[PDB]
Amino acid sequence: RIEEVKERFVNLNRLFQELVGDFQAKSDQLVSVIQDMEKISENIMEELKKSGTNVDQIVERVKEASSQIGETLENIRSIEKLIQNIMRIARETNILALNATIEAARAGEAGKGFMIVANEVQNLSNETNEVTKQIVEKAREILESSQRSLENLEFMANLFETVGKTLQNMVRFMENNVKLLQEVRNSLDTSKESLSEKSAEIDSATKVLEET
């Protein structure tokens, strides 16, 4: 009759033992899965850090390529001012020769020698002016090319903006991920311990009942 209610306790004790036992098994198994990727996560965080250095270098490299394009733009400006000077020299040489040929014709037979030489200096002056425009044409091509480069570099800087922001969002997510996982493990370990402690006390108490 009293032995009748004893089986009730023992039975209840079994229920606790089976519950905690399952809990221990479930959480340890969960903890193992979390741990299994703890290594893979360290490599990733270390990779995100090195990524920041690559990002920083790229931002400066793009900066450097721009200032350099800005250097040849300056040099072309100089070449253009210089080539214009050559052009003026050609023109000044040209009228000196032209006016030379006129006066050469003023004088008689002796002027013929000077006339011929002055005629050639003219042709040469006109040829220099011709090459000059060819250089201008090239200089202008380089200006066009350079402008397309500066725009291409801005396009790159624009597009890379998202890339930098994305890696930053990744680093943050990784911190929050690590933190969430820690809390998960923390709740599991803490709960398993306190609960297992509880069934341990329920087990002993049970032993007392049957013991005497």
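For every residue, the number given is its place in the sequence shown, counted from 1.
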| property | result |
| --- | --- |
| Given 34-42 and 158-166, the range whose Cα B-factors average higher in the PDB entry | 34-42 |
| Mean C-alpha B-factor comparison - 111-119 and 132-140, higher one | 111-119 |
| Top residue by Cα temperature factor, when 87, 73, 97, 105 are compared in the entry | 105 |
| 64, 28, 151, 183, ranked by C-alpha B-factor: the highest one | 64 |
| Within-chain third of residue 174 by Cα B-factor, per the entry | middle |
| Residue 17 - which third its CA temperature factor falls in, relative to the rest of the chain | lowest |
